[PDB]
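So this first bit is one chain, no partners, the form deposited without this ligand, shown in C-alpha cells.
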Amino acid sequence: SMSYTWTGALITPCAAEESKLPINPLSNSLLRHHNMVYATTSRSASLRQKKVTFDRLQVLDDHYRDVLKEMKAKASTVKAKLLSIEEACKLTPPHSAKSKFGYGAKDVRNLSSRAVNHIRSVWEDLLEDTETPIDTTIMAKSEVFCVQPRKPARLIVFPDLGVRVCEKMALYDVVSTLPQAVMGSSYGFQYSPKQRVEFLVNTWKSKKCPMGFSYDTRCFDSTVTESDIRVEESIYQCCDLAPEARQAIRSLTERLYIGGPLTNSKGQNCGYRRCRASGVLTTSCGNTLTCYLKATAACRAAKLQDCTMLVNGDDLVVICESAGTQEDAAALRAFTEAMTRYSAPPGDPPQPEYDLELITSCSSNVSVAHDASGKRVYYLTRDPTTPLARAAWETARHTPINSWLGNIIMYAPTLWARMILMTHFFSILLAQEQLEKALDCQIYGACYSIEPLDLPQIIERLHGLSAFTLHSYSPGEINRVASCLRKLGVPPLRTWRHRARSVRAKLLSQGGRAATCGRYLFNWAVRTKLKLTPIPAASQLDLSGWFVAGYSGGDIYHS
C-alpha cells in the first residue's frame, strides 16, 4: 500500500518559524558564517512528502520467518507489568504538547482531576474500541543544519497527550526491556558511548578477517509496512501481560501504530498514514526490532559469514567475516537486494570497510587517542559540523532542548567537544552567572534535566578519567575538525586554547564545583598538568536508566 495518501491540505505551522541564524555577538564569537546555518520549516514540507510517499514492495521468505521465530522465543521469557497512571504521568515531559481536551503536561504531572479523568476515559476507550483509527497531528520538524556543498523538514506524527500517557501505561515496560531480551548484545541503546566503542572494538577483534558496513535504509519509517507493525505486535504479545495491557496493545496497534488520519495544526484533514509514525512510544523499539529482523535474515540470504549486528532504531552497523574483496562486494550487494525485498531499500548503497574507524554508525565513528600514560584509548567521535551549527543556534536563540549539553556529555572525550563546546558554553555560563542553572537535553531520545556543574562527575562515570587527559588525536580526526572550522568560520583551535585558559582561571577562582570544572574539564588547557584523581561525588550519582533503551519520539522525561 501507499505509505501516505494526501488530500492537498498543507502541513501547517502553529506559530512563526525561524529559519536563519541571527547576527548575535555571542554566537558570532563561535561561528562567523551565520548564513550557512539554517533551520528546517514547514515551507519545505512538500519536498519531504514527495520523498516519503510511495507504494511499498515486500516479499517475506523462510529466513525472515526463521529469524522472527527465534526472536519470539526470546520474547516469550519476558513479563511486562503495566504502569499506573501516576507512574505514566511522571514520565511525561513538563513541556510535552498539551491535550486538545482541556489540559496540558503540567496538569498531567500534577495528576489534576481533569487530566486524570480524561486519561482514564482514553484508557477505557482503548479497551472497548478495537478498531477506530486514532487521530494524529502532523507537523514539520524544526532542525538546524549547515548548508551542503538544503534538507527538507522531517515530518513528525503524534497522537494527543491523553493517548501518549496510555501508551506508557501499556507499553513503557515492554519497550524498555523487551529489545534487550530479544536482541541481546546487538541492542545499541543499552550502551553508553564508551560501552558502544568497547562492543564495536571487541566484535571487530573477534573476527579472523573483519569486514564491516553501515546500512542506510531510505527513509526507514515510510518503509515500515502494516505487516511489519503486526509482526512487531506479535513479538510484544509473547510477553506475559495483564489482560488490559494485552488489549491496549492490540487496540493501539490497529488504531494507531499501523496507520491513521493526519490532521494539521489548523484541524484540517491532510491525509492518511500507512507506515511508522515518528511520534509514538513504540517507534524506537519497533524500528530496532524491525531493522534487526530484516538485517539478520538478509545476512543469511546473502551468505554473509558470522554477522554481528548493532542496531539503534533505523541505524544499522554490521561486522562480519570477510571472504575476500570481490566476494564481500558481491555478498553485500546480495544483502541489499534481500533488504530491499523486505521493504528496507537502501538510501546510499552500502560499502564494505576493512578499517573499523572508517565505519560511520549512529552518525559516529570509532577513533583513537592516548591517555596521560601514553596508552591508546578508543572513543566515539563524529563530524562536528551539525553539533557546531546547532550550538551556535542555541547560543543566539533560547531553545527548549540544549543539544550542546547532550553533545558535551556524549562526546566528552573528543577534541572538538573539549576545546570548543566546553570552552564556549562555560564562558557564557560564567558571564551570565548561570552555572547553577539546570538545563534540559536529550540522551537516546529521553529528556534529562542536568546541571552544568555536574559535568565532571557525569563524564567521569560515563567515559572514565581518561576523558580529561586524552591527547595526540589521530591525523584524520584533527584534519576533519580543522577543515570543519574553516568551512563554518569557527576560530581555529589555537584561539579556543587561549580562550580556555581564561575560562579555566575564572572557574578555579570561584572554588567549589565551579573549580572542579576548571580542574577536570580544562586540564588540557594548562601546560603543567594537574594530577586528576577520582571525584568523590561521582561514585554517588544515580545514572541508572541512562543507557537502557531508546525513546526517540516517545515523549519520555527522566527524573
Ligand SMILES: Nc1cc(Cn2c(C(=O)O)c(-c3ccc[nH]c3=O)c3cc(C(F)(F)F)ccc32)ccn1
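From 1 onward, residues are counted along the sequence shown.
Missing here is the form solved in complex with this ligand; even so, the following discussion is about that form.
Chemist: Flag this candidate site as yes only if 67, 227 and 294 all have a heavy atom within 4.5 Å of this ligand in the bound PDB entry; otherwise mark no.
Modeler: No: no residue has a heavy atom within 4.5 Å of the partner.
Chemist: In the bound PDB entry, is there a heavy atom of this ligand that lies within 4.5 Å of any heavy atom of residue 430, even though the partner is absent here?
Modeler: Contact with this ligand, no.
Chemist: Contact between residue 133 and this ligand in the bound PDB entry at 4.5 Å, heavy atoms?
Modeler: Contact check for residue 133: no, nothing within 4.5 Å of this ligand in the bound PDB entry.
Chemist: Give a yes/no on whether residue 455 approaches this ligand to within 4.5 Å in the bound PDB entry, heavy atoms considered.
Modeler: Contact with this ligand, no.
Chemist: With heavy atoms only and a cut-off of 4.5 Å, decide whether residue 162 touches this ligand in the bound PDB entry.
Modeler: Residue 162: no, not in contact with this ligand in the bound PDB entry.
Chemist: For the chain seen here without its partner, which of 321 to 329, 96 to 104, 438 to 446, 298 to 306 has a heavy atom within 4.5 Å of this ligand in the bound PDB entry?
Modeler: So the stretch in question is 438 to 446.
Chemist: Could you tell me which one of 235, 380, 256, 108 places a heavy atom within 4.5 Å of this ligand in the bound PDB entry?
Modeler: None of the other options qualify; the answer is 380.
Chemist: In the bound PDB entry, which of the listed residues (315, 460, 371, 173) lies with a heavy atom within 4.5 Å of this ligand?
Modeler: Answer to the contact question: 315.
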